[PDB]
Amino acid sequence: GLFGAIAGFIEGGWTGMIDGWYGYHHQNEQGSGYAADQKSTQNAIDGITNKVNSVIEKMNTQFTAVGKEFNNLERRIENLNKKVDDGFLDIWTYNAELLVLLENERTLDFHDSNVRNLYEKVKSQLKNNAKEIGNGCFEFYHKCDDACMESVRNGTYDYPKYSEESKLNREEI
Amino acid sequence: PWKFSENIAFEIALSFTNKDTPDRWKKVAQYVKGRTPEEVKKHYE
Amino acid sequence: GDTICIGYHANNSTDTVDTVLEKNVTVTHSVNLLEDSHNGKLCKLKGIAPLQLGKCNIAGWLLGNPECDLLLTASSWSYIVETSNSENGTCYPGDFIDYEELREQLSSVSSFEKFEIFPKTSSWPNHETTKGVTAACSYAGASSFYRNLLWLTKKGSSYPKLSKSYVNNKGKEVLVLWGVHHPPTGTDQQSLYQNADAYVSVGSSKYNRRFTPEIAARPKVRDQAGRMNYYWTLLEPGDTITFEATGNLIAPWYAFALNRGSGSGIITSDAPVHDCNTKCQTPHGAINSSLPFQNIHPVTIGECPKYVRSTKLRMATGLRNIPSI
Ligand SMILES: *[C@@H]1O[C@H](CO)[C@@H](O[C@@H]2O[C@H](CO)[C@@H](O[C@@H]3O[C@H](CO)[C@@H](O)[C@H](O)[C@@H]3O)[C@H](O)[C@H]2NC(C)=O)[C@H](O)[C@H]1NC(C)=O
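This is how it looks when you write it as structure tokens:
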């Protein structure tokens, strides 16, 4: 990991959220399941395809390149010709191979940043309300419906509303 | 107009759609930026 | 209590990229940037078929070697094709001067209108036009000669000084070809051109040369001790080319008015030609791909993916992926 949030303190993902790149498993009175985040997912896509778009946009297509003929007294310029051809290939093979190794690692921990980034957008929306057991988990002191729970995912809230519900739960155990 | 990169936002979003289609199906189209739910529609074959 | 967790995607995808720290890394989503696939066929570009030289090469084509007679009607092409099977040559031994440059020239040529520059019948009242065949170019069991050049000879006992000019009214470049003949022996000079010492002179606004025959005993190629040199020039619009000889001149007969265009060339391959159309062509076959790279062939005609030496080019898009026990 890099940002630490994949293969991470969260050591696995979830097969059962098919809806996008990131999202929230939530459990309560009513019931449990996955809902994707359509915000940071559409952010990461449009950003990543734009990475894929950018390298290829830096590729003019090949235009016509065909071999050259030389007679038996033109050996030197023929070898010169070979040398230019090999040379340019060695470079473009390098640039293509290396870049893909490089940018893959930079893509992997791009996602690793985006899980970490969403986790704290919640923790910072929570504060007093819950505890961190780790592995993505925020356990609610105060009670929550789906709606209240769709509200963290919404980001919309108001914080003190569930505060008094939560605060005296912290004590006797 | 259809590009290699747009056939990048597309197929990831078709990993997000189902064989018994579990959606109003624009769940592909919000991820395409760009070209419409219209322009997305025919493009599945 | 009530728990909400946060987490990421996972799939059954066995797709695997490489990264700098780690290899064999399995991801939810991939792209392949490298094209391994062609159709194995030589196809059209822009509605237009390539010209298949078949058993002939460019010299055979242009001089009109008697084996190449299938090519005579060819006018336009998208690009030129030779095979591993083209020997069909200059069938009379000798040098073709600046051959590679002529080929290099032909690669900017889209089409030509062939035409008779010095008509066989009209042009040469004082010389023999019918005795101009040799066993070194043999068609249908018989001695013969190039289609596009005429081998002049003495008429009776006489080979009078000849002078012939052609003014280019085509409004485009005209490719004029010709040859000079060097016999093995003075008997052969005398039997052919009747004049013991002789010259061919050729000039234009670009071209100035006086050739004198070199008579020598030589090793025998296709049974000939003699040699024949072939020459060419591009006669510019409006220009005149004038030939003069006392003997030894293999005169132009047919010539070519050229049309230029870019994005063509001359490829070598044994692939079959088909009715397919493509934006990109290699000697191995044609490519239809939106991919940026190709491992197929270095040589390309048209708009193509870039070539590399890579077996594998694969780029991560999604997250990596958990097997989840
Ligand atoms: C058009 O192209 C073909 C080349 O593929 C020419 O055919 C070849 O012509 C030469 C004639 O000398 C043959 O070589 C000879 O072989 C015999 C023994 O077989 C040897 O005694 C001679 O010294 C010489 O090496 C060759 O075998 C023959 N091959 C084929 C495929 O028939 C043909 O002459 C060309 N035609 C013209 C007008 O240029």
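Protein chains in written order, with the entry's author numbering: chain B, 1 to 173; chain G, 10 to 54; chain A, 10 to 54, 54A, 55 to 83, 83A, 84 to 95, 95A, 96 to 125, 125A to 125C, 126 to 133, 133A, 134 to 264, 264A, 265 to 326. We put the beta carbon where it would ideally sit given N, CA and C, even for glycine.
- Residue environment for residue 176 of chain A: buried (at least 16 other C-beta atoms within 10 angstroms of its C-beta).
- The secondary-structure analysis by DSSP pairs residue 53 of chain A across a beta bridge with A:278.
- Distances taken from the Cβ of residue 224 of chain A to the heavy atoms of ligand 1 include one shorter than 6 Å.
- Close to chain A, meaning a Cβ-Cβ distance shorter than 9 Å, are the following residues of the stretch 13-41 of chain G: 13, 16, 17, 20, 21, 24.
- Separation of residue 125A of chain A and residue 256 of chain A (C-alpha to C-alpha, rounded to the nearest whole angstrom) is 9 Å.
- For the pair of segments examined, the stretch 268-277 of chain A was found to touch the stretch 47-54 of chain A: the number of CB pairs separated by less than 8 Å reaches three.
- Rounded to the nearest angstrom, the gap between the Cα atoms of residue 154 of chain A and residue 212 of chain A is 18 Å.
- Buried is the label assigned to residue 200 of chain A, since at least 16 other Cβ atoms lie within 10 Å of its Cβ.
- Using a cutoff of 6 Å, the CB of residue 76 of chain A does not count as near ligand 1, since none of the ligand's heavy atoms is closer than that.
- Inter-residue distance for residue 174 of chain A and residue 122 of chain A is about 16 Å (C-alpha atoms, whole angstroms).
- At least one CB atom of chain B sits nearer than 7 Å to the CB of residue 300 of chain A.
- In this structure, residue 8 of chain B lies near residue 1 of chain B, with their beta-carbon atoms less than 7 Å apart.
- Beta-bridge analysis with DSSP links residue 33 of chain G to no other residue.
- Of the other Cβ atoms in all chains shown, 16 or more fall within 10 Å of the Cβ of residue 148 of chain A; this residue is therefore buried.
- When Cβ-Cβ separations below 7 Å define contact, residue 42 of chain B makes contact with chain G.
- Given a length threshold of 3 residues, each whole run of the beta strand (DSSP E) inside the stretch 224-256 of chain A is given here in chain order: 229-237, 242-247, 251-254.
- DSSP places residue 192 of chain A in the uninterrupted alpha helix (DSSP H) bounded by 188-195.
- The residue among A:206, A:120, A:196 with its C-alpha nearest the C-alpha of residue 159 of chain A is A:196.
- At a cut-off of 7 Å, the C-beta of residue 84 of chain B has no neighbouring C-beta in chain A.
- Annotation for residue 94 of chain A indicates a beta carbon within 6 Å of some heavy atom of ligand 1.
- Under DSSP, residue 169 of chain A forms a beta bridge with A:242.
- For residue 82 of chain B, no beta strand (DSSP E) segment is defined; the enclosing uninterrupted segment is the alpha helix (DSSP H) at 75-126.
- Looking at the DSSP output, residue 11 of chain A shares a beta bridge with B:140.
- For residue 162 of chain A, the closest of A:310, A:246, A:43 by C-alpha to C-alpha distance is A:246.
- In the DSSP assignment, residue 316 of chain A falls within the unbroken beta strand (DSSP E) covering 315-317.
- Here DSSP, grouped into helix, strand and coil, assigns residue 163 of chain B to helix.
- In the assembly as shown, residue 95 of chain B is an exposed residue. Its beta-carbon has fewer than 16 other beta-carbons within 10 Å.
- The stretch 15-33 of chain A makes contact with the stretch 306-321 of chain A: 3 or more CB pairs, one atom from each, lie closer than 8 Å.
- For residue 48 of chain B, the nearest CB of chain A lies under 7 Å from its own CB, placing it at the interface with that chain.
- When the five nearest sequence neighbours on each side are left out, the beta carbons in the same chain lying within less than 8 Å of the beta carbon of residue 40 of chain A are those of 315, 316, 318, in order along the chain.
- Residue 291 of chain A has a beta carbon lying within less than 7 Å of a beta carbon in chain G.
- In the DSSP assignment, residue 51 of chain B falls within the unbroken alpha helix (DSSP H) covering 40-57.
- By the rule that beta-carbons nearer than 7 Å mark a contact, residue 52 of chain B touches chain G.
- By a beta-carbon distance limit of 8 Å, residue 154 of chain B does not contact residue 141 of chain B. Their separation comes to about 20 Å.
- Its chain contains 141 as the residues whose beta carbon lies nearer than 7 Å to that of residue 170 of chain B, once the 5 sequence neighbours on both sides are disregarded; these appear in chain order.
- Residue range 144-146 is occupied by the beta strand (DSSP E) that includes residue 145 of chain A.
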